[PDB]
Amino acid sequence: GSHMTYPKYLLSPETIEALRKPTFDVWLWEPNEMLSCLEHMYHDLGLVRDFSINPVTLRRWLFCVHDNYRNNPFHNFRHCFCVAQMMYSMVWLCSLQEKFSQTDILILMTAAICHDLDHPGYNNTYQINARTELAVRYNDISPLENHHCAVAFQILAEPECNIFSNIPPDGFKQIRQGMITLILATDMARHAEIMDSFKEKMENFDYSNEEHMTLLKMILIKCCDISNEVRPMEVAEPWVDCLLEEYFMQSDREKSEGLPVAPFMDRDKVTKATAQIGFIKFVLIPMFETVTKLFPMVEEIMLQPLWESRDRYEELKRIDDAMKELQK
């Protein structure tokens, strides 16, 4: 709605407004547009200003991150963009700048962007069981997340991509430790442990307690990572097919190599509906419920879509089941 047309990488004022909300349609954009969105978040959150980030270095760094995401069905650059954009949305929704330092916001955002770098499209159980170079390297201890974090800092060690080059060394060490904690916290094998520790702190939560805040940041990055079903149905639904593409590719490989197959990745057992109902009911809703105790506005904006998704997937399953009552 402007007097002339601007290239797509120049975000419209309407796109900029939209970007602040969990309703943002992540499928509309090419990589160069997504890179411009991420760039805008760093400026808009005041991180360029407060960390003296060279604006060109911000752009090279993002271009380099993009390049180091693989073209997997799910664990790709558009996914990193979703996770970051949801983090950015939560900053606004939960008024996080009132609660967290700029350093904490920087850690949250940078970790979100970097959390799945160079993901191979086969999970930790595959790495461990197949005794891959990654599993050997990391001694079966969250091999992928250790890798993501190591690539993050390999990129940041290239001077033309070092967005932290103007931060003093003590600042760098703080950010580095925080980002490592957050990226390692995205390993779902630790979900129940991390939830348990957080709920423990929630018995008497304290924003001035560093251990409480680390746990909260771990919950935030976890929320954003697995947040697809918070999005409008039309945005959320295609992500499920992408995830099952990766899962089926893995379970096929495991059967072929004689390795254990998880029932939740099994072409024969799993549907879109059965995959999401349990994940929404038993992982997503309880996690967002605990967050809503600190941030009551999370209920309307994030829990409501999850309730609706749960409900719709139950309907689907009923018709999927009936369909299978015909095809045998």
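Note that residue numbering begins at 1 and tracks the sequence as displayed.
Asks: Averaging CA B factors per stretch from the PDB record, which one is higher: 260 to 268 or 50 to 58?
Replies: Going by the record's values, the stretch with the higher mean is 260 to 268.
Asks: Using the B-factor values recorded in the entry, state whether the Cα atom of residue 231 falls in the lowest, middle or highest third among the modelled residues of its chain.
Replies: Residue 231: CA B-factor falls in the middle third of its chain.
Asks: Splitting the chain's C-alpha B-factors into thirds, which one does residue 63 fall into?
Replies: Tercile = lowest for this residue's CA B-factor.
Asks: If you rank the chain by CA B-factor, which third does residue 100 end up in: lowest, middle or highest?
Replies: Within its chain, residue 100 is a highest-third residue by C-alpha B-factor, going by the deposited values.
Asks: Sort the modelled residues of this chain by their C-alpha B factor and say whether residue 246 lands in the lowest, middle or highest third.
Replies: Middle third - that is where residue 246 ends up once the chain's C-alpha B-factors are sorted.
Asks: Please place residue 160 in the lowest, middle or highest third of its chain according to the CA B-factor in the PDB entry.
Replies: For residue 160, whose C-alpha B-factor we compare with every modelled residue in the chain, the answer is the middle third.
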